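K.L.:
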Amino acid sequence: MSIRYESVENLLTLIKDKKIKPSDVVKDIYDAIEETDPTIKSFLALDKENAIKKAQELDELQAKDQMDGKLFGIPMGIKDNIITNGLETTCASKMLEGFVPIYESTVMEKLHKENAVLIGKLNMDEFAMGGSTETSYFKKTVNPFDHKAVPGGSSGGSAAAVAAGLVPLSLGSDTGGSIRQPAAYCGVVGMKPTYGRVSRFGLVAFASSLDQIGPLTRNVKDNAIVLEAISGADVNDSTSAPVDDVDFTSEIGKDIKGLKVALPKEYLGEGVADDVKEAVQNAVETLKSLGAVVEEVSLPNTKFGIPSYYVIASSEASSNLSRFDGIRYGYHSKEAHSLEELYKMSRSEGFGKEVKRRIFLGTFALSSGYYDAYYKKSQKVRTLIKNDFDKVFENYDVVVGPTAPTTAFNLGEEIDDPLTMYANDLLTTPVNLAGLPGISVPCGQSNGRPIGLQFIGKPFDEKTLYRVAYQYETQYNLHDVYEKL
Amino acid sequence: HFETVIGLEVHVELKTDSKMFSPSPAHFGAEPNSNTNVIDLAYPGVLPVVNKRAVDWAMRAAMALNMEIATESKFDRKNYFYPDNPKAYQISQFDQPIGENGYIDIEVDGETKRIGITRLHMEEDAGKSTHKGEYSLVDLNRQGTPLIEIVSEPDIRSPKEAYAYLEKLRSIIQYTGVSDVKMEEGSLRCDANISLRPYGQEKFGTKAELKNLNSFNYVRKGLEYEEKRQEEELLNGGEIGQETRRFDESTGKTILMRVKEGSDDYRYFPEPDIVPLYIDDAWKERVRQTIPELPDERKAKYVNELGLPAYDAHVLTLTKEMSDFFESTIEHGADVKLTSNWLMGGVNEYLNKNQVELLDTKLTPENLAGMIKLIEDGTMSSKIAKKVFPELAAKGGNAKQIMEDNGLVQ
Amino acid sequence: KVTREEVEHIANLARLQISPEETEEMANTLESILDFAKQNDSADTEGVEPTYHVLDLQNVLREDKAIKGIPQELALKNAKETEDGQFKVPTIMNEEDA
Ligand SMILES: Nc1ncnc2c1ncn2[C@@H]1O[C@H](COP(=O)(O)OP(=O)(O)O)[C@@H](O)[C@H]1O
Ligand SMILES: [Mg+2]
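Chains as they are written, first to last, in PDB author numbering: chain A, 1 to 485; chain B, 2 to 411; chain C, 3 to 100.
1) Mapping DSSP to helix, strand and coil, what is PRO293 (chain B)?
2) For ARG64 (chain C) and chain B, any beta-carbon pair shorter than 7 angstroms?
3) Over the uninterrupted beta strand (DSSP E) stretch that includes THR245 (chain B), give me the two end residues.
4) CA-CA distance, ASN80 (chain C) and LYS229 (chain B)?
5) Can you list, in chain order, the residues of its chain with a C-beta nearer than 7 angstroms to that of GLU240 (chain B)? Leave out the 5 residues immediately preceding and following it.
6) For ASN80 (chain B), which residues in chain A fall below 9 angstroms Cβ to Cβ?
7) Assign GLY448 (chain A) to buried or exposed, taking buried as 16 or more other Cβ atoms, counted over all protein chains shown, within 10 Å of its Cβ.
8) Which residue's Cα is closest to the Cα of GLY98 (chain A): A:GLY330, A:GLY190, A:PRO182?
9) Answer with yes or no whether the minimum CB distance from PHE270 (chain B) to chain A is below 7 angstroms.
10) Using beta-carbon positions only, say whether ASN34 (chain B) and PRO26 (chain B) come within less than 7 angstroms of one another.
11) May I ask you to list the residues that DSSP assigns as paired with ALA149 (chain A)?
12) Using a beta-carbon distance cut-off of less than 8 angstroms, what residues from the region 40-54 of chain B approach chain A?
13) For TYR279 (chain B), count neighbouring Cβ atoms within 10 angstroms of its own Cβ and tell me buried if that reaches 16, exposed if not.
14) Can the beta-carbon of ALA68 (chain C) be found less than 7 angstroms from the beta-carbon of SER341 (chain B)?
15) Could you pull the start and end residues of the beta strand (DSSP E) that residue 487 (chain A) belongs to?
16) So, at 8 angstroms on beta carbons, what are the nonlocal neighbours of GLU114 (chain A) in its own chain, with the 5 sequence-adjacent residues on each side left out?
17) Using only the heavy atoms of ligand 2, determine whether one of them is closer than 6 angstroms to the beta carbon of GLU150 (chain B).
18) Counting contacts by CB-CB distance shorter than 7 angstroms, is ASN96 (chain C) in contact with chain A?
19) Here's a check: name, in chain order, each residue in its chain whose Cβ is nearer than 6 angstroms to the Cβ of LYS261 (chain B), leaving out the five neighbours to either side.
20) Counting only C-beta atoms, is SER136 (chain A) closer than 7 angstroms to chain B at any point?
21) If we cut at 7 angstroms on Cβ distances, does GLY196 (chain A) have a partner in chain C?
22) Locate the alpha helix (DSSP H) running through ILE230 (chain A), then write down its first and last residues.
23) Do you know offhand how far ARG120 (chain B)'s Cα is from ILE83 (chain A)'s?
24) For chain A, is any of its Cβ atoms less than 7 angstroms away from the one on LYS82 (chain C)?
25) Got a sec, what are the start and stop residues for the beta strand (DSSP E) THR255 (chain B) sits in?
26) Could you give the C-beta distance for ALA165 (chain B) and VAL109 (chain B), rounded to a whole number, given that I count them as a contact under 8 angstroms?
27) For residue 418 (chain B), would you say it is in contact with chain A, using Cβ-to-Cβ distances shorter than 7 angstroms as the test?
28) Taking 6 angstroms as the line, does the beta carbon of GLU10 (chain B) fall inside it for any heavy atom of ligand 1?
29) What residues match up with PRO277 (chain B) in a beta bridge as DSSP calls it?
30) Using a C-beta cutoff of 7 angstroms, does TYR136 (chain B) count as contacting chain A?
31) Taking DSSP as the reference, what is the three-state secondary structure of residue 545 (chain A)?
32) DSSP beta-bridge partners for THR113 (chain B)?
33) According to DSSP, is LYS169 (chain B) part of a helix, a strand, or is it coil?
34) In terms of DSSP beta bridges, what is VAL152 (chain B) paired with?
35) Check whether the region 53-68 of chain B and the region 282-295 of chain B touch, using three or more Cβ-Cβ pairs below 8 angstroms as the test.
36) Using DSSP's beta-bridge definition, name the partner residues of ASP192 (chain B).
Structure (structure tokens):
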């Protein structure tokens, strides 16, 4: 626990300066986990033995003055729907319980390159579907700020573990807001980079046209640091953008005066609760108090976010999940007599209710006769949502608004009602559809539950989001709060 | 009596080094599931990476068949569960086929008929499921091998025309060197479709896919057999409707193996994981200039320029390889007709009783021409010919050499 | 709408097993989701192109160089039913037609 609360940046220098030893930092981490994760339940499969061994290696290198890497000795937690060679990757589902990959994901190859230490695998909603992690076939993760409320979804474990002070950084996947929505509910900093910014190779697909790996940290400076670590073209991902400039820290610290910010009315519309609403309006001011120019704009199609998302995602999921039939890996139904059964039963036995609903609705929307009215139809609505942004970006630099409609909710509150649970992604969905980069940072609290302020930048312009987002962080944040929980 | 509207479906294996979307080898050993990788195995969270040459080669064939190469073109996902299809979705092409509206001219009783080909797209072969007793065993070695489909318009009108088409198509793709086109090796496959339309019906008959055709000869039989099958059954009650049929290689018949219920829903949809291809003009050219002179163009030359027998021009241009060797041997001084007989005769024999490719042997258009002349010189009788060739052929080097590296001259 | 059969057809399309008790339930849920999905109908999409890829990239092609396949060992390492070096799966075809 001792450094269990230090920030990546400080936990780095503190090692570079040789005050703390790599194996001790790791010794600290596990102490924290073992002492706090049984209550929080943010982690899943732990990799303590291989972590120590990795620290041990690092200590030697620490003596030989050969401490290379943008994250040397820094502990890291990964979302369980991200292939981690040789661990056990389950995407939080019966379907993959025991599944031990035989390849490494690119983000993983990369961090490892940067000498980050893999402490363990973080929990999430089974197959990235859901917004509270409650679906996790393994355990229910709670919110550090209130063990009674959900930590968000679907990278719930990813934000919880970080908010609980179990690691200085972690990775999540965002599809409808699966990285921000949580980063919000847990008052932590979460970023979803521009689609094509981080390889998807190694990421257990949900919605191929939407997914994207993003980092979660306790501060805007560390977050950015980590992104530099994982962003960048990849030969194993035809879709990763061949973009060179990966320096996201360069402009952090600079002022934002003159920075044209756009406050889309839709983002403070009906769905948004009152307390949250208030909080974001102040931010606007904490924003004007700074140099930024905040003028109201309009994103008319924002209301069609959730629906289209839901369809495009379920449809795509419908396909990206068909590969699970227990023949090459995963859950294999024993009561095996025919071939049809092998498929029908392994799947119906391995997937949870929610995951199976998606596929239903996903296979229906693509099915002959309904394709154009649902899938296609949706794909178009998506087109309209990118325009809402394009236009605006002709006159602005970034877009602001609350990250989530409300403050985190309770466990079991909206779990037994499908539709509603989805209504919380009203503010993140548009981002993914436009393939734009979004970042979340705390801007206030309510009943002790954090609220999330969001910045949606132009494509590949994350260096600017971190910029505008760092200034605000200097005026408000929960830095000195996580320590008291 | 009635018309016999039928078209052919020829899948072609590209002989690239790596599979269609994966960097795995396209040529595999006997050992099962030893030529795979995370991608072919459909492990979770892997992605497809389009084989560049594949596309090159694909659009090259498309242009060989005179198709109209698309400008905008992307892949789609053909959804369906089956052991030898791990992703549960074969990547292929729905609306924008890399190739469209082509044609090849054949010759039927009397004059030339032009059969048009509707499309030609890129897919990925599936694994092989060996039926071993109660259970079946899955082998993915082959899984992901690049394929090009060639859907013929329903313009071919007989089991003999069918053969004609296939014989050309094959020959042509062959010259494109993108495949070996051998049904014996399954690098050329045909699914047929036959349906009888009483002369002057407009609406086509009712087709019945004809699986298990493993050779031109065979495709014929099945085709003509099924032609009768339904002919007569169309005199009785009968429909032979939306039905599939397998071909029994021994009896020579068509066995019904299913009956479509409506239309097989595959939920076709554009593969997001693969950015769209934009085939600029310069792309089309590069691959444009890579098409060698096709058979018909060569034969004509032979027949009306080199004063050669039409039959000869045939044999001599079945496969690009020889054809070339021929054309070179003659620009080397060798007699025109003499060259032809040695390729048809001598050479081919050698190639046969050694099952070696004409280019793996040790003779060259030059060293051959050298020997031919020696005959038209008188310096070497045809008696000596049958002796010097076999050696000069493979593991040889010069023509006179064997007359002195041994002992005979004049 | 959304009739029992349709639920079974979908359930049949994707390979998911569903008995009745869950089918007349899925009849409602699907009915709802879809009622929800009807929302996009308020979005004016007359003559607007469908977005297939959000990233305007272009012509990402892999060089045709083969890379050795992984050992039969690994391919199989995560499959439960295997023999003779292959994946073992039933085959008396489709349930109530085979
Ligand atoms: N009634 C028919 N009689 C003969 N040939 C047909 C008939 N209907 C379709 N065909 C041909 O059979 C082939 C199959 O076309 P199609 O069914 O649309 O796709 P696929 O072969 O993949 O099932 C085509 O080449 C088509 O020209
Ligand atoms: Mg096909």
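For every residue, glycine included, the Cβ atom is placed at its ideal position computed from N, Cα and C.
P.N.:
Answer, in terms of the structure:
1) coil
2) yes
3) Careful: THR245 (chain B) lies outside any beta strand (DSSP E) and carries neither H nor E.
4) 51 angstroms
5) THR207
6) Those are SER318, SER319, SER322, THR363, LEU366, listed as they occur along chain A.
7) exposed
8) A:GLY330
9) Cβ-Cβ to chain A under 7 angstroms: yes for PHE270 (chain B).
10) no
11) A:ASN410
12) Against chain A - using a Cβ distance shorter than 8 angstroms - the residues of the region 40-54 of chain B are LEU42, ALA43, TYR44, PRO45, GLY46, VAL47, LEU48, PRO49, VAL50, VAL51.
13) exposed
14) Going by C-beta atoms, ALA68 (chain C) is not nearer than 7 angstroms to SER341 (chain B).
15) Look at the range of chain A in this structure, 1 to 485, and you will see that residue 487 (chain A) is not part of it.
16) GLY69, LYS70, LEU71, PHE72, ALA229
17) yes
18) yes
19) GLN243
20) Chain B contact via Cβ: absent.
21) yes
22) 220-230
23) Rounded to whole angstroms, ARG120 (chain B) to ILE83 (chain A) spans 39 angstroms at the Cα level.
24) yes
25) 254-257
26) Contact holds; Cβ gap of about 7 angstroms.
27) Any question about residue 418 (chain B) goes unanswered here, given that chain B covers just 2 to 411.
28) Answer for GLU10 (chain B): yes, Cβ within range of ligand 1.
29) Under the DSSP definition of a beta bridge, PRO277 (chain B) lacks any partner.
30) no
31) As displayed, chain A neither begins before 1 nor continues past 485, which places residue 545 (chain A) out of reach and without an answer.
32) B:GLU108
33) helix
34) B:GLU10, B:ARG120
35) yes
36) B:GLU10
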